[PDB]
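Below you'll find the structure, written out as structure tokens, and then a few comments.
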Amino acid sequence: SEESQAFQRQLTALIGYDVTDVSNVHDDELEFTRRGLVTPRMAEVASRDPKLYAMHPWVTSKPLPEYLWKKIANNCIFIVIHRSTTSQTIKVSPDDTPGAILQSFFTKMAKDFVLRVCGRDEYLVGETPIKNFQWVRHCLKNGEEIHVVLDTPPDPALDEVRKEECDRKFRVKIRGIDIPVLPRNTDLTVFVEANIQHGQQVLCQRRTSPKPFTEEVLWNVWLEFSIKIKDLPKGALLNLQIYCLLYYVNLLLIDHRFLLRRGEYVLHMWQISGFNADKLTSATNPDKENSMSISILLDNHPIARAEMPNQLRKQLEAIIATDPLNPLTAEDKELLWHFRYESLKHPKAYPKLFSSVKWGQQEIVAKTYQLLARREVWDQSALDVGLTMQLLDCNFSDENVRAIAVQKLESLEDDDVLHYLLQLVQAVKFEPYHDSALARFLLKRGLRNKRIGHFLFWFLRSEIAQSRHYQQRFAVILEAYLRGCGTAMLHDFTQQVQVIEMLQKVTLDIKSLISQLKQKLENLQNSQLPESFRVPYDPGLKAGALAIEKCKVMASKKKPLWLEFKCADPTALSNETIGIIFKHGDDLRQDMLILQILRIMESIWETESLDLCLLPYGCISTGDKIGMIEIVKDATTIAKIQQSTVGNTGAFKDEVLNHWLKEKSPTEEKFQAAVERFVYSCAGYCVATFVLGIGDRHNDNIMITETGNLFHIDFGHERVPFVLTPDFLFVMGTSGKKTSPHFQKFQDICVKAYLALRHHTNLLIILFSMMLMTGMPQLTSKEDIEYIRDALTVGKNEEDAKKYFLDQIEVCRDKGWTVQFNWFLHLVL
Ligand SMILES: Cc1cc(C)n2nc(N)cc2n1
């Protein structure tokens, strides 16, 4: 059809990639995936509750934290209900459903409807106690009144979905390599290495002879491997590398139809910038003009009681008790395999056990599939996200192993899917095939919930915009989502994309070059910028017109744009603007990953009734070194606070921060609340930041709200474990080497928080490992990743762990202003 063609054009603009362009493909896997994702999409669309989909209530099944219960007076929650120019306050029980609150309202005022949060597209609806609504918890946490408007539920009609319509050994011939132009810092020798890989592990390796490195190098050589065709596992990669490591490319040996790869291939390779998720890609380099190519030929197809003694059991249990980074010896693997039926009784053993499998032996793989048919213990075990994420990393390439991990994820509630969404999207990179149980899981959860769907859009779009390695795969997943989200959502994304593309242009234009910014913005406000758009990092908020007068270019070397928008919602309780920073020059994908880990740390702390006052601000990467950042209101840099008393060239003063806090507090009651908030937030950031190895920061990269909330920024790319400078210590009523009630509180909070994180050691290790592999380029799959195991002091008891962190606090006190001064000393010399 022609409107079908028009609809595909609309999808192309939203995706930022054309899924129908078949220039960079050697098989129909992507097209097969597009067709394959139709069924799971249609099944999810057919399954959703129209009213609940339209209203997307944001709820949790978790208990109300102890720190939140203390904020409730006499089992009473006040809700302010608006109707027009008037309002009405109503007392409610924490266990009261919005349905019962609505009936309580009509009774109180006598002589169909829905409760919507004033100024937001957020609804307090469904069979849930009000204490379980995220907005209510947000209000309770932040000391804000719950303001609601009585309005008509959104028409589910707006979400209408458009109607759709061999015992021989394996061998490979390396013909040669070709590159148009040589200048590559040298003039050398080259050889080709061919690896058969499964789960990051090399099953077999062959190499060509070394030859002089010219624009064309030929071998015409058969490289015969020790592995039999019969023994090649599904998901095995033929990894081809050029050593001078300079270039790499992968080819799936068994395709998406279970057929062995045959014939001629000319593969355009990826160059090493000068392990990680990019090294695993089955995509070929789309740049056919300047990339190195490798020419190969394949010529080769259906797919083919006892009890442990005491001491061996103790040995096995000790292997299983070790962290995810502890290497498995040949003996350890053999024990795990030999007593696999005992290992299966321990869910925590699963990653180690499946790493003990000889994936290059058909009979062994067969035995593994037999083993997993008896999955009663795994199925009945409680969901452990950390343990599940370990099965979805680079170490596992078997579909059945990965699928049992995804099976476990099905039990996650929406609030929990949101917590892990970004790293689950990134984990798609470790899938051998485009169509996977993980990709289908993301698709389903996105289509089931608007909030998840909104973030799925942006997380996928971020990678499609700048990852040549994964854009094709991520584009097919995004298209599948967009074909089921409904027309209202399609319209919404269109507006957001239009706004971001225009603002990105202004960002780069101003970067090349205040008066000029304001002229460019009036021009946008004139004939381009749509009336309103959902804020990508906070979809409940709708931004209206730019407040031109409040817009500016930040006085930084990156010169980011500081933009302010009016809120488009008339029901908003304030005339306060929505602030967004647009910046080029930092890889904001790195900030996104750190910020998500901080949200996870907060949820861990919540389990132990701790509120560390982190501020994981909104951040979305929109393209190569470009994106948006949420502006936290009434916040300043620690360095700026120092500088306002006159920055003599790093002449730091101890009392300045406390002075600033006192100056910004309207009363002494508010000032004490600010000092309390600083103690908690300082503690939160010292712990979080130390664990992640990002603690040693310049003061210009730490901010504070007038309300005392400290927060670190700019995560994208002598020594100190974290920042606890003499100014921070003075706010805590401490100086030099003495102590105080606030500093004792700080130490107590840090220890409790650090110990709480250590209870989730394995989860933090997997999340850290995945973050490095997918977000921060070439990493030593050992050394770099091992930092977090050292930071989390694995193998220490709580008292030793407590002493360790208290000693880290002392290192900071010993160094004082020395490390902060070193940036200034360096920047001059
Ligand atoms: C990177 C960054 C993050 C936040 C939250 N803010 N807030 C302001 N006011 C500036 C800023 N920069």
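Numbering (the entry's author numbering) for the sequence shown: 144 to 254, 269 to 322, 357 to 435, 460 to 489, 497 to 522, 525 to 528, 544 to 752, 764 to 967, 981 to 1092. Positions of the beta carbon are idealized from the N, C-alpha and C atoms, including for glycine.
Within this structure, are the beta carbons of residue i and residue j separated by less than 9 Å?
| i | j | result |
| --- | --- | --- |
| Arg277 | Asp731 | no |
| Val1082 | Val929 | no |
| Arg359 | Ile420 | yes |
| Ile850 | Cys936 | no |
| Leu466 | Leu429 | yes |
| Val803 | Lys792 | no |
| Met484 | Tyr462 | yes |
| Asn949 | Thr988 | yes |
| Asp841 | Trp201 | no |
| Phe669 | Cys633 | yes |
| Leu564 | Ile1048 | yes |
| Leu823 | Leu796 | no |
| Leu1026 | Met728 | no |
| residue 255 | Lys883 | The residue list of the chain ends a segment at 254 and starts the next at 269, so residue 255 has no coordinates to report. |
Suppose you measure from the CA of residue i to the CA of residue j; what does that come to, to the nearest Å?
| i | j | result |
| --- | --- | --- |
| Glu913 | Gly996 | 17 Å |
| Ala605 | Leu611 | 10 Å |
| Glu918 | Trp910 | 13 Å |
| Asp655 | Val383 | 45 Å |
| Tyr210 | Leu1035 | 34 Å |
| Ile1029 | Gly625 | 7 Å |
| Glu407 | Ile368 | 6 Å |
| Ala1016 | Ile215 | 24 Å |
| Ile387 | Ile703 | 28 Å |
| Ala528 | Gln601 | 8 Å |
| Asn512 | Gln486 | 11 Å |
| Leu860 | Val596 | 41 Å |
| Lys553 | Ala588 | 14 Å |
| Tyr720 | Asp192 | 17 Å |
| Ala642 | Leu677 | 8 Å |
| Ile716 | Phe694 | 13 Å |
| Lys1059 | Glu556 | 18 Å |
| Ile558 | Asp571 | 7 Å |
| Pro313 | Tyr280 | 14 Å |
| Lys1008 | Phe902 | 25 Å |
| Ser582 | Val235 | 51 Å |
| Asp316 | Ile847 | 33 Å |
Counting along the chain, where does the alpha helix (DSSP H) carrying residue i start and finish?
| i | result |
| --- | --- |
| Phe361 | No alpha helix (DSSP H) contains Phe361, which is instead part of the beta strand (DSSP E) from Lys360 to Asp369. |
| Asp788 | Note, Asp788: premise wrong, no alpha helix (DSSP H); beta strand (DSSP E) at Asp788 to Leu796. |
| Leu779 | Unbroken run through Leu779: none, as it is neither H nor E. |
| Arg1076 | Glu1061 to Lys1078 |
| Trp201 | First-last for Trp201: undefined, no H or E at that position. |
| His1089 | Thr1081 to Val1091 |
| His525 | Counting along the chain, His525 falls outside any alpha helix (DSSP H), and DSSP gives it neither H nor E. |
| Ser751 | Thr726 to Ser751 |
| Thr627 | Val624 to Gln629 |
| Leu555 | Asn549 to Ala560 |
| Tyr480 | No alpha helix (DSSP H) holds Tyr480; the beta strand (DSSP E) holding it covers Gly478 to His483. |
If you follow the beta strand (DSSP E) that residue i is in, where does it begin and where does it stop?
| i | result |
| --- | --- |
| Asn1025 | Unbroken run through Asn1025 is the alpha helix (DSSP H), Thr1024 to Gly1038; no beta strand (DSSP E). |
| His304 | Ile303 to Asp308 |
| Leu460 | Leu460 -> no beta strand (DSSP E), and no H or E assigned at all. |
| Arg152 | Counting along the chain, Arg152 falls outside any beta strand (DSSP E), though it belongs to the alpha helix (DSSP H) covering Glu145 to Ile158. |
| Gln600 | From DSSP, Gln600 is part of no beta strand (DSSP E); its letter is neither H nor E. |
| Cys936 | Counting along the chain, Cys936 falls outside any beta strand (DSSP E), though it belongs to the alpha helix (DSSP H) covering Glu918 to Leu942. |
| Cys296 | Premise fails: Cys296 lies in the alpha helix (DSSP H), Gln291 to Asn299, not in any beta strand (DSSP E). |
Would you decide whether residue i is buried or exposed? Buried here means 16 or more other CB atoms lie within 10 Å of its CB.
| i | result |
| --- | --- |
| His967 | exposed |
| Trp413 | exposed |
| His1022 | exposed |
| residue 255 | Because the chain is numbered 254 and then 269 with no intervening positions, residue 255 cannot be located in this model. |
| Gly945 | buried |
| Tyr672 | buried |
| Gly390 | buried |
| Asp674 | buried |
| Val306 | buried |
| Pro916 | exposed |
| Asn411 | exposed |
| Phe221 | exposed |
| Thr503 | buried |
Q: Write down every uninterrupted run of the alpha helix (DSSP H) in the stretch 639-715 whose length is 4 residues or greater and which is fully enclosed by it, in chain order.
A: 653-665, 676-687 and 689-705
Q: Report the residue ranges of all beta strand (DSSP E) runs contained in full by the stretch 874-902; include only those spanning at least 3 residues, in chain order.
A: 876-880 and 885-887
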